[PDB]
């Protein structure tokens, strides 16, 4: 029908479903390699793209061995999650 919170007209009900997920902070699609979750499956696919591409180098973390396809992303992960021992 219509957005019960913001009153936005949607031509598709699935888009209204994901919009209501954004309003309610619902993230059903959770990553299996970290704590990240998102409201859309395509978001999860794009996120898993950052955990290492097929045929590409992977920078595993020194602490929890979390895979990353970009060194800067691994550095950010270490700075954000592994500051308990600095």
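Heads up, when I say rigid core I mean the largest set of C-alphas that superpose within 1.5 Å between the two forms. Residue numbers count along the first chain shown, from 1.
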query: Core-aligned Cα RMS comparison in 4 other deposited structures of this protein - stretch that moves more, 19-27 or 69-77; finding: 19-27
query: Selected stretch [higher average CA B-factor]: 39-47 or 52-60; finding: 52-60
query: B-factor third for the C-alpha atom of residue 85 within its chain; finding: highest
query: Entry-reported Cα temperature factor of residue 73, expressed as the chain third it lands in; finding: middle
